[PDB]
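A.B. asks: Input entry08.cif, format and content: mmCIF, N, CA, C and O atoms.
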```cif
data_run
loop_
_atom_site.group_PDB
_atom_site.id
_atom_site.type_symbol
_atom_site.label_atom_id
_atom_site.label_comp_id
_atom_site.auth_asym_id
_atom_site.auth_seq_id
_atom_site.Cartn_x
_atom_site.Cartn_y
_atom_site.Cartn_z
ATOM 1 N N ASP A 5 153.230 189.924 86.858
ATOM 2 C CA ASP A 5 154.275 190.442 85.982
ATOM 3 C C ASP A 5 155.459 190.950 86.802
ATOM 4 O O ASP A 5 155.378 191.992 87.451
ATOM 5 N N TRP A 6 156.560 190.194 86.768
ATOM 6 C CA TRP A 6 157.745 190.566 87.534
ATOM 7 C C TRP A 6 158.226 191.967 87.173
ATOM 8 O O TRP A 6 158.541 192.771 88.058
ATOM 9 N N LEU A 7 158.268 192.284 85.876
ATOM 10 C CA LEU A 7 158.744 193.596 85.449
ATOM 11 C C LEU A 7 157.881 194.716 86.019
ATOM 12 O O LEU A 7 158.405 195.743 86.468
ATOM 13 N N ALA A 8 156.559 194.537 86.015
ATOM 14 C CA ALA A 8 155.675 195.557 86.572
ATOM 15 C C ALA A 8 155.921 195.753 88.064
ATOM 16 O O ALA A 8 155.898 196.886 88.560
ATOM 17 N N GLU A 9 156.155 194.661 88.796
ATOM 18 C CA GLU A 9 156.444 194.780 90.221
ATOM 19 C C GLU A 9 157.728 195.565 90.453
ATOM 20 O O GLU A 9 157.817 196.365 91.392
ATOM 21 N N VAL A 10 158.735 195.347 89.606
ATOM 22 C CA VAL A 10 159.977 196.107 89.714
ATOM 23 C C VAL A 10 159.722 197.582 89.432
ATOM 24 O O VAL A 10 160.249 198.462 90.122
ATOM 25 N N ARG A 11 158.910 197.874 88.414
ATOM 26 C CA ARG A 11 158.588 199.264 88.108
ATOM 27 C C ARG A 11 157.858 199.936 89.269
ATOM 28 O O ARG A 11 158.120 201.104 89.579
ATOM 29 N N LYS A 12 156.940 199.220 89.928
ATOM 30 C CA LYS A 12 156.226 199.816 91.057
ATOM 31 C C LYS A 12 157.176 200.188 92.190
ATOM 32 O O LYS A 12 157.018 201.242 92.819
ATOM 33 N N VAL A 13 158.159 199.333 92.480
ATOM 34 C CA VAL A 13 159.116 199.662 93.532
ATOM 35 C C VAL A 13 159.889 200.922 93.166
ATOM 36 O O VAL A 13 160.090 201.811 94.001
ATOM 37 N N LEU A 14 160.317 201.026 91.908
ATOM 38 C CA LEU A 14 161.030 202.219 91.462
ATOM 39 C C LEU A 14 160.139 203.453 91.546
ATOM 40 O O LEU A 14 160.612 204.552 91.857
ATOM 41 N N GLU A 15 158.845 203.292 91.266
ATOM 42 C CA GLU A 15 157.913 204.412 91.340
ATOM 43 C C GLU A 15 157.767 204.913 92.773
ATOM 44 O O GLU A 15 157.864 206.119 93.032
ATOM 45 N N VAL A 16 157.523 204.004 93.720
ATOM 46 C CA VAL A 16 157.468 204.400 95.124
ATOM 47 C C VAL A 16 158.798 204.998 95.559
ATOM 48 O O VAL A 16 158.844 206.022 96.251
ATOM 49 N N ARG A 17 159.903 204.371 95.151
ATOM 50 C CA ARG A 17 161.215 204.843 95.568
ATOM 51 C C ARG A 17 161.483 206.251 95.050
ATOM 52 O O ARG A 17 162.048 207.087 95.764
ATOM 53 N N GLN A 18 161.102 206.525 93.799
ATOM 54 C CA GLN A 18 161.277 207.867 93.253
ATOM 55 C C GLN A 18 160.421 208.883 93.996
ATOM 56 O O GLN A 18 160.873 209.996 94.282
ATOM 57 N N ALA A 19 159.178 208.517 94.319
ATOM 58 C CA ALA A 19 158.301 209.435 95.038
ATOM 59 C C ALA A 19 158.895 209.813 96.388
ATOM 60 O O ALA A 19 158.909 210.990 96.766
ATOM 61 N N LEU A 20 159.393 208.824 97.131
ATOM 62 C CA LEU A 20 160.039 209.113 98.406
ATOM 63 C C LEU A 20 161.240 210.031 98.221
ATOM 64 O O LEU A 20 161.501 210.900 99.060
ATOM 65 N N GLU A 21 161.984 209.857 97.125
ATOM 66 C CA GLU A 21 163.116 210.741 96.859
ATOM 67 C C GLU A 21 162.650 212.172 96.617
ATOM 68 O O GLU A 21 163.320 213.128 97.024
ATOM 69 N N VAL A 22 161.503 212.340 95.956
ATOM 70 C CA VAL A 22 160.958 213.677 95.749
ATOM 71 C C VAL A 22 160.567 214.305 97.080
ATOM 72 O O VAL A 22 160.754 215.508 97.294
ATOM 73 N N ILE A 23 160.002 213.507 97.988
ATOM 74 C CA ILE A 23 159.618 214.018 99.300
ATOM 75 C C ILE A 23 160.853 214.417 100.098
ATOM 76 O O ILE A 23 160.857 215.442 100.791
ATOM 77 N N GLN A 24 161.917 213.615 100.020
ATOM 78 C CA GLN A 24 163.151 213.956 100.720
ATOM 79 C C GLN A 24 163.754 215.246 100.182
ATOM 80 O O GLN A 24 164.186 216.110 100.956
ATOM 81 N N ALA A 25 163.798 215.397 98.856
ATOM 82 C CA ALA A 25 164.338 216.621 98.275
ATOM 83 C C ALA A 25 163.494 217.829 98.657
ATOM 84 O O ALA A 25 164.032 218.894 98.984
ATOM 85 N N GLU A 26 162.166 217.685 98.618
ATOM 86 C CA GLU A 26 161.290 218.792 98.990
ATOM 87 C C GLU A 26 161.423 219.135 100.468
ATOM 88 O O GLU A 26 161.480 220.316 100.833
ATOM 89 N N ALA A 27 161.481 218.121 101.335
ATOM 90 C CA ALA A 27 161.655 218.386 102.759
ATOM 91 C C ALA A 27 163.010 219.022 103.028
ATOM 92 O O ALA A 27 163.119 219.962 103.825
ATOM 93 N N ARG A 28 164.057 218.518 102.371
ATOM 94 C CA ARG A 28 165.372 219.138 102.475
ATOM 95 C C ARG A 28 165.335 220.593 102.029
ATOM 96 O O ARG A 28 166.048 221.435 102.587
ATOM 97 N N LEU A 29 164.510 220.906 101.025
ATOM 98 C CA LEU A 29 164.421 222.273 100.522
ATOM 99 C C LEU A 29 163.752 223.198 101.532
ATOM 100 O O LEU A 29 164.186 224.341 101.717
ATOM 101 N N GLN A 30 162.689 222.726 102.192
ATOM 102 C CA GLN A 30 161.988 223.573 103.153
ATOM 103 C C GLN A 30 162.915 224.021 104.276
ATOM 104 O O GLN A 30 162.835 225.165 104.735
ATOM 105 N N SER A 31 163.799 223.132 104.733
ATOM 106 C CA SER A 31 164.769 223.521 105.752
ATOM 107 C C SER A 31 165.663 224.651 105.255
ATOM 108 O O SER A 31 165.933 225.609 105.988
ATOM 109 N N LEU A 32 166.129 224.556 104.007
ATOM 110 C CA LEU A 32 167.016 225.580 103.462
ATOM 111 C C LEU A 32 166.340 226.945 103.450
ATOM 112 O O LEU A 32 166.901 227.932 103.938
ATOM 113 N N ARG A 33 165.133 227.026 102.883
ATOM 114 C CA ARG A 33 164.384 228.276 102.942
ATOM 115 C C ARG A 33 164.201 228.732 104.382
ATOM 116 O O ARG A 33 164.329 229.923 104.690
ATOM 117 N N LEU A 34 163.904 227.792 105.280
ATOM 118 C CA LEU A 34 163.693 228.129 106.682
ATOM 119 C C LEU A 34 164.933 228.782 107.282
ATOM 120 O O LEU A 34 164.849 229.839 107.918
ATOM 121 N N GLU A 35 166.102 228.169 107.082
ATOM 122 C CA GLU A 35 167.360 228.677 107.616
ATOM 123 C C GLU A 35 168.134 229.502 106.594
ATOM 124 O O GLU A 35 169.361 229.611 106.686
ATOM 125 N N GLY A 36 167.443 230.086 105.620
ATOM 126 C CA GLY A 36 168.094 230.872 104.588
ATOM 127 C C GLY A 36 167.659 232.323 104.562
ATOM 128 O O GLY A 36 167.407 232.926 105.607
ATOM 129 N N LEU A 42 165.988 231.593 97.173
ATOM 130 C CA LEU A 42 166.415 230.426 96.409
ATOM 131 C C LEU A 42 166.586 230.765 94.931
ATOM 132 O O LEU A 42 165.678 231.309 94.300
ATOM 133 N N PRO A 43 167.757 230.455 94.383
ATOM 134 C CA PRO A 43 168.001 230.729 92.963
ATOM 135 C C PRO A 43 166.932 230.093 92.081
ATOM 136 O O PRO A 43 166.439 228.996 92.354
ATOM 137 N N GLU A 44 166.568 230.805 91.012
ATOM 138 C CA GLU A 44 165.535 230.305 90.109
ATOM 139 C C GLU A 44 165.866 228.913 89.590
ATOM 140 O O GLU A 44 164.956 228.118 89.333
ATOM 141 N N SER A 45 167.156 228.604 89.416
ATOM 142 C CA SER A 45 167.542 227.245 89.048
ATOM 143 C C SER A 45 166.837 226.228 89.932
ATOM 144 O O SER A 45 166.330 225.212 89.444
ATOM 145 N N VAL A 46 166.806 226.483 91.241
ATOM 146 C CA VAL A 46 166.104 225.591 92.156
ATOM 147 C C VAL A 46 164.608 225.634 91.880
ATOM 148 O O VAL A 46 163.942 224.595 91.792
ATOM 149 N N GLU A 47 164.061 226.841 91.731
ATOM 150 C CA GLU A 47 162.621 226.999 91.560
ATOM 151 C C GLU A 47 162.135 226.312 90.288
ATOM 152 O O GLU A 47 161.124 225.602 90.301
ATOM 153 N N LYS A 48 162.854 226.509 89.181
ATOM 154 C CA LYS A 48 162.412 225.961 87.901
ATOM 155 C C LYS A 48 162.272 224.443 87.958
ATOM 156 O O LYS A 48 161.287 223.884 87.465
ATOM 157 N N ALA A 49 163.251 223.760 88.556
ATOM 158 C CA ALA A 49 163.186 222.305 88.669
ATOM 159 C C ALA A 49 161.978 221.848 89.480
ATOM 160 O O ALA A 49 161.325 220.858 89.130
ATOM 161 N N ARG A 50 161.659 222.558 90.566
ATOM 162 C CA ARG A 50 160.538 222.153 91.409
ATOM 163 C C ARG A 50 159.223 222.176 90.637
ATOM 164 O O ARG A 50 158.448 221.214 90.684
ATOM 165 N N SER A 51 158.954 223.267 89.916
ATOM 166 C CA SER A 51 157.723 223.344 89.136
ATOM 167 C C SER A 51 157.699 222.286 88.039
ATOM 168 O O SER A 51 156.643 221.716 87.738
ATOM 169 N N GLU A 52 158.854 222.013 87.429
ATOM 170 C CA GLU A 52 158.921 220.981 86.399
ATOM 171 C C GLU A 52 158.558 219.613 86.964
ATOM 172 O O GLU A 52 157.820 218.844 86.336
ATOM 173 N N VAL A 53 159.072 219.296 88.154
ATOM 174 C CA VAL A 53 158.846 217.985 88.758
ATOM 175 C C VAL A 53 157.378 217.784 89.123
ATOM 176 O O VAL A 53 156.786 216.743 88.814
ATOM 177 N N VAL A 54 156.766 218.773 89.778
ATOM 178 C CA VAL A 54 155.392 218.610 90.249
ATOM 179 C C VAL A 54 154.441 218.375 89.082
ATOM 180 O O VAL A 54 153.642 217.430 89.093
ATOM 181 N N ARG A 55 154.496 219.236 88.063
ATOM 182 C CA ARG A 55 153.567 219.089 86.948
ATOM 183 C C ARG A 55 153.773 217.760 86.230
ATOM 184 O O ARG A 55 152.805 217.111 85.819
ATOM 185 N N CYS A 56 155.029 217.331 86.078
ATOM 186 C CA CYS A 56 155.297 216.051 85.430
ATOM 187 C C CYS A 56 154.686 214.905 86.224
ATOM 188 O O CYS A 56 154.025 214.023 85.662
ATOM 189 N N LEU A 57 154.906 214.899 87.539
ATOM 190 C CA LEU A 57 154.393 213.819 88.373
ATOM 191 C C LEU A 57 152.871 213.753 88.325
ATOM 192 O O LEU A 57 152.293 212.661 88.263
ATOM 193 N N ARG A 58 152.201 214.908 88.352
ATOM 194 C CA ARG A 58 150.743 214.905 88.276
ATOM 195 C C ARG A 58 150.260 214.421 86.915
ATOM 196 O O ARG A 58 149.266 213.692 86.826
ATOM 197 N N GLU A 59 150.952 214.809 85.841
ATOM 198 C CA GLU A 59 150.538 214.380 84.508
ATOM 199 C C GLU A 59 150.743 212.881 84.329
ATOM 200 O O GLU A 59 149.819 212.160 83.934
ATOM 201 N N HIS A 60 151.950 212.392 84.619
ATOM 202 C CA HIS A 60 152.271 210.967 84.520
ATOM 203 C C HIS A 60 151.802 210.230 85.778
ATOM 204 O O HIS A 60 152.571 209.628 86.527
ATOM 205 N N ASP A 61 150.489 210.299 85.994
ATOM 206 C CA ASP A 61 149.880 209.696 87.174
ATOM 207 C C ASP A 61 150.134 208.194 87.229
ATOM 208 O O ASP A 61 150.432 207.645 88.298
ATOM 209 N N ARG A 62 150.032 207.514 86.087
ATOM 210 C CA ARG A 62 150.173 206.063 86.052
ATOM 211 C C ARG A 62 151.606 205.603 85.818
ATOM 212 O O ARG A 62 151.977 204.515 86.273
ATOM 213 N N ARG A 63 152.421 206.394 85.122
ATOM 214 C CA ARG A 63 153.801 206.030 84.799
ATOM 215 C C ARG A 63 154.712 207.170 85.228
ATOM 216 O O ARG A 63 155.210 207.936 84.392
ATOM 217 N N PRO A 64 154.968 207.302 86.534
ATOM 218 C CA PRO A 64 155.755 208.449 87.018
ATOM 219 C C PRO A 64 157.228 208.390 86.647
ATOM 220 O O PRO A 64 157.880 209.443 86.617
ATOM 221 N N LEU A 65 157.778 207.205 86.366
ATOM 222 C CA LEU A 65 159.188 207.119 86.004
ATOM 223 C C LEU A 65 159.516 207.936 84.765
ATOM 224 O O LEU A 65 160.690 208.247 84.533
ATOM 225 N N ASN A 66 158.508 208.297 83.968
ATOM 226 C CA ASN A 66 158.731 209.205 82.853
ATOM 227 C C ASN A 66 159.348 210.524 83.296
ATOM 228 O O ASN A 66 159.848 211.268 82.445
ATOM 229 N N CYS A 67 159.327 210.830 84.595
ATOM 230 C CA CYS A 67 159.851 212.075 85.137
ATOM 231 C C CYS A 67 161.227 211.901 85.777
ATOM 232 O O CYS A 67 161.663 212.769 86.541
ATOM 233 N N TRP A 68 161.925 210.801 85.479
ATOM 234 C CA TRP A 68 163.224 210.574 86.104
ATOM 235 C C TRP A 68 164.170 211.739 85.850
ATOM 236 O O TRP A 68 164.937 212.130 86.737
ATOM 237 N N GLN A 69 164.124 212.313 84.646
ATOM 238 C CA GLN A 69 164.994 213.441 84.332
ATOM 239 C C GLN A 69 164.658 214.641 85.205
ATOM 240 O O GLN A 69 165.552 215.294 85.757
ATOM 241 N N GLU A 70 163.367 214.942 85.342
ATOM 242 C CA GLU A 70 162.952 216.055 86.188
ATOM 243 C C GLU A 70 163.318 215.805 87.644
ATOM 244 O O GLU A 70 163.790 216.713 88.338
ATOM 245 N N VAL A 71 163.093 214.581 88.124
ATOM 246 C CA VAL A 71 163.367 214.261 89.522
ATOM 247 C C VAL A 71 164.826 214.525 89.856
ATOM 248 O O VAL A 71 165.143 215.179 90.860
ATOM 249 N N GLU A 72 165.729 214.022 89.022
ATOM 250 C CA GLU A 72 167.144 214.242 89.279
ATOM 251 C C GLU A 72 167.497 215.718 89.174
ATOM 252 O O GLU A 72 168.268 216.243 89.979
ATOM 253 N N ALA A 73 166.926 216.405 88.196
ATOM 254 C CA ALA A 73 167.187 217.827 88.054
ATOM 255 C C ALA A 73 166.764 218.579 89.315
ATOM 256 O O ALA A 73 167.503 219.426 89.836
ATOM 257 N N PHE A 74 165.575 218.271 89.830
ATOM 258 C CA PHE A 74 165.134 218.897 91.070
ATOM 259 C C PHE A 74 166.065 218.526 92.220
ATOM 260 O O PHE A 74 166.505 219.395 92.980
ATOM 261 N N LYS A 75 166.378 217.233 92.362
ATOM 262 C CA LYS A 75 167.279 216.803 93.428
ATOM 263 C C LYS A 75 168.663 217.411 93.251
ATOM 264 O O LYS A 75 169.336 217.753 94.231
ATOM 265 N N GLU A 76 169.107 217.556 92.002
ATOM 266 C CA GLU A 76 170.397 218.188 91.759
ATOM 267 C C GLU A 76 170.363 219.667 92.122
ATOM 268 O O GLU A 76 171.311 220.187 92.721
ATOM 269 N N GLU A 77 169.268 220.356 91.795
ATOM 270 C CA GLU A 77 169.155 221.760 92.177
ATOM 271 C C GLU A 77 169.219 221.926 93.691
ATOM 272 O O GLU A 77 169.895 222.829 94.197
ATOM 273 N N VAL A 78 168.530 221.056 94.433
ATOM 274 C CA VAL A 78 168.559 221.136 95.891
ATOM 275 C C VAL A 78 169.947 220.806 96.429
ATOM 276 O O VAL A 78 170.420 221.433 97.383
ATOM 277 N N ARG A 79 170.621 219.817 95.838
ATOM 278 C CA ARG A 79 171.953 219.456 96.317
ATOM 279 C C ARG A 79 172.924 220.615 96.140
ATOM 280 O O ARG A 79 173.683 220.952 97.056
ATOM 281 N N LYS A 80 172.921 221.235 94.958
ATOM 282 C CA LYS A 80 173.775 222.395 94.735
ATOM 283 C C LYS A 80 173.430 223.521 95.700
ATOM 284 O O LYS A 80 174.319 224.240 96.172
ATOM 285 N N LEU A 81 172.142 223.685 96.007
ATOM 286 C CA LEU A 81 171.729 224.725 96.944
ATOM 287 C C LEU A 81 172.417 224.549 98.293
ATOM 288 O O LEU A 81 172.850 225.528 98.911
ATOM 289 N N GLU A 82 172.528 223.311 98.762
ATOM 290 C CA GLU A 82 173.167 223.024 100.040
ATOM 291 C C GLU A 82 174.641 223.407 100.015
ATOM 292 O O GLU A 82 175.134 224.068 100.927
#
```
Would you give me this structure, written as structure tokens?
C.D. replies:
Amino acid sequence: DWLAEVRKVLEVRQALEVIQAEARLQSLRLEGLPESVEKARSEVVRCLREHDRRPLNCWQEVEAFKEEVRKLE
């Protein structure tokens, strides 16, 4: 299924983006967080664990978390 293969790439790609945002966040705390940042992080983790098979359902949370980290910088 071509469509499923495309979805899998997006799923891996989104996961790597979550790792980059989280790693970027650890540096900030290290060399430094507003609840705005905190709230997005908890939202993202629980969503990703719940949507174990279809993680793209968390695209809104992922961007919100990444947006919170970007504003933090």
A.B. asks: Report as a PyMOL selection string the residues that result from applying the PyMOL selection byres (((chain A and resi 68-73 and name CA) around 7) and name CA) to the structure here.
C.D. replies: chain A and resi 22+49+52-53+65-67+74-77
A.B. asks: Can you pull out every residue within 10 Å of residue 78 in chain A, counting only C-alpha atoms, but drop anything in the same chain fewer than 4 positions away, and send it as a PyMOL selection string?
C.D. replies: chain A and resi 25-26+28-29+32+42+45-47+49-50+72-74+82
A.B. asks: As a ChimeraX atom specification, list the residues of chain A assigned to alpha helix (DSSP H) by DSSP on the backbone atoms of this structure.
C.D. replies: /A:6-34,44-59,68-81
A.B. asks: Might I get the box with edges along x, y and z of the file that holds all atoms of range 36-54 of chain A listed there, padded by 5 Å on every side, given as centre and edge lengths in Å to one decimal, as AutoDock Vina command-line options?
C.D. replies:
```
--center_x 160.9 --center_y 224.8 --center_z 96.0 --size_x 24.5 --size_y 26.2 --size_z 29.3
```
A.B. asks: Atom O of residue 24 in chain A and CA of residue 79 in chain A are how many Å apart?
C.D. replies: 9.6 Å
A.B. asks: What does the distance from atom C of residue 36 in chain A to CA of residue 58 in chain A come to in Å, to one decimal?
C.D. replies: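 Answer for the atom C of residue 36 in chain A to CA of residue 58 in chain A separation: 29.2 Å.
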A.B. asks: Mind giving me the straight-line distance from atom C of residue 60 in chain A to atom C of residue 17 in chain A in Å, one decimal?
C.D. replies: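 Taking atom C of residue 60 in chain A and atom C of residue 17 in chain A, their separation equals 14.0 Å.
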